[PDB]
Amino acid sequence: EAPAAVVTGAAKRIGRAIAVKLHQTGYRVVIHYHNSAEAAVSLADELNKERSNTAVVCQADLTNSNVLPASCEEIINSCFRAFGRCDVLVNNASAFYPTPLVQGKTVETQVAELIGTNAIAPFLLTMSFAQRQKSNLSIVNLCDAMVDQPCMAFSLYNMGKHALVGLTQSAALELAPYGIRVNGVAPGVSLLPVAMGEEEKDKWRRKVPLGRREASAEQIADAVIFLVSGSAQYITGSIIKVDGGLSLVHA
């Protein structure tokens, strides 16, 4: 039988790219989404049209709350209900916005969203993935190559991505005896925010030593693909930067 993978925030962008690429590699996929109903279903359609019964959608808010554990438990349940297995979990879903330290959302909403999506939901999804296990099991977390050179006023987001590095190492150590590898893919600049203007986009592009451009979503997916593959069978607790040398450029 074909292996099965969960991709969080899979409706668009990097998540979609990962889902698609895992699909073309022969995975059945759970397209998790939050607000992107249209894009999620539309992607699952495209995928099923290619090989029938290979894609499902799973809606979940991944903001931290007392129900997040059940929501994460359910996401993994959705893989097992659809496919009888869960071989790969990609923690791709991410909230990303400034939270300036010196002063819309309450700060507790901000904490719930930025730490929730970026770290707490991956932790809970990992617990659920690991516990539901009865092959090549792995977890890939979408980290950030710029964690130690953070953007001004993104403290909560930065905190969550650091926590995610924390989890990747802690989970790799813990889940290694169960044969579950846990690794990271750290984009520098990939697909820029939809909201971002071209002039600003180019400001970021010009910083990238390797070709003065952002990563395509497929280039990110490539590293994900490598990590879940048999070519990475001994790789655990490793974070592969996919950043064109961005994190190496001094101020």
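Throughout, rigid core stands for the largest set of C-alpha atoms superposing within 1.5 Å between the two forms. All residue numbers are counted from 1 along the displayed sequence.
With each structure aligned by its rigid core, the stretch whose Cα atoms sit farther from this model in 9 other deposited structures of this protein, between 211-219 and 62-70, is 211-219.
Modelled in this chain, residue 134 is nonetheless unresolved in at least one third of the other entries of the protein that span it on both sides. Coordinates for residue 106 are present in every one of the other compared entries of this protein that model residues on both sides of it, well short of the third needed to count it as often missing. The modelled chain breaks between residue 103 and residue 104, where 4 to 9 residues of the deposited sequence lack coordinates. According to the entry, the deposited sequence places 4 to 9 unmodelled residues between residue 134 and residue 135.
Legend: mean Cα B-factor per stretch from the PDB entry, 220-228 versus 44-52; the higher mean is in 44-52. The PDB entry records a higher mean C-alpha B factor for 73-81 than for its counterpart among 139-147 and 73-81. Across the residues 158, 126, 169, 109, the deposited record lists the maximum Cα B factor for 109. As recorded in the PDB entry, 37 shows the highest C-alpha B-factor of the residues 37, 68, 208, 31. Residue-level temperature factors show residue 191 in the highest third of its chain, judged at the C-alpha atom. Compared with the other modelled residues of the chain, the Cα B-factor recorded for residue 184 ranks in the lowest third.
In this PDB entry, residue 2 carries a Cα temperature factor that places it within the highest third of its chain's modelled residues. Compared with the other modelled residues of the chain, the Cα B-factor recorded for residue 16 ranks in the middle third. Remark: residue 251 belongs to the highest third of its chain, ranked by C-alpha B-factor as recorded.
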